[PDB]
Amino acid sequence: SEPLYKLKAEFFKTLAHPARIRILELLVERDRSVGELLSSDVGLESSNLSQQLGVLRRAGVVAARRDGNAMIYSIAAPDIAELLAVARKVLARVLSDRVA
């Protein structure tokens, strides 16, 4: 279609990964460092973890900061936490009506 609509589709495609969703859920809960994310239920190696975090960083969904020999990651702006909140709200309704 249009190039603008290609960016809208590529935006949702960036979130269509199980590992990337769990990273966002942990960052919405509280600020996580690379070691805390590496020791989480995401189950990715340090190299795979940096690759997925790099995709979310260039997409403007996560932000990184150095606090002393470490990189603390967090969600960029509160609108990301609002996006995931409404996303799971819609997913909870479609799954409830699909089972019932």
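Residue numbers here begin at 1 and follow the sequence given.
Could you check the entry and say whether 62-70 or 32-40 has the higher mean CA B-factor?
So the stretch with the higher mean C-alpha B-factor is 62-70.
So 41-49 or 22-30, which one's hotter by mean CA B-factor in the entry?
Taking the mean C-alpha B-factor of 41-49 and of 22-30, the larger value falls to 41-49.
Can you work out whether the C-alpha temperature factor of residue 99 puts it in the lowest, middle or highest third of the chain?
Ranked within chain, residue 99 CA B lands in the highest tercile.
Of the three thirds of its chain by CA temperature factor, lowest, middle or highest, which one includes residue 83?
Within its chain, residue 83 is a lowest-third residue by C-alpha B-factor, going by the deposited values.
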